[PDB]
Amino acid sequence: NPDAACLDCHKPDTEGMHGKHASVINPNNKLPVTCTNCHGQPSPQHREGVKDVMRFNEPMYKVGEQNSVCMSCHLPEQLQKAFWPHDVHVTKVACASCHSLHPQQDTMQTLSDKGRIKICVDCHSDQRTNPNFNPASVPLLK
């Protein structure tokens, strides 16, 4: 129900949440995860493109602003146990430069051992050769 408001304008397939987050409970309130739990709240000026809702892997907001939303639910201690490189990136690159949360599957969860090293090379190399590199908005892995 809460998400119905957003989906009055936004496309229910591509702008609908169809990844793992579609089926999980918000640990903070024990209710299903909703759009505002990640994006916050539209203002009356929403259609004009203003700093109302959070935007992930785009240049509007700083890495820290984007990533901190994730940490309203996730625990950095647990991210370390899942995959070591998390800690060094929490303040340094947008979480959604790697993860894709809206599609039916998140490509990070299915990478080969080889692929899970190639992402490091690809992005760190780009940082060395791309004068326009922006850690808030990285299209490379997409």
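Counting begins at 1, following the sequence as shown.
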Going by the entry, of stretches 125-133 and 9-17 the one with greater average Cα B-factor is 9-17
Averaging the C-alpha temperature factors as deposited, the higher value of 103-111 versus 66-74 falls on 103-111
For 91, 36, 97, 28, the deposited C-alpha B-factor is largest at 28
Residue set 86, 116, 46, 81, per-entry CA B-factor max assigned to 46
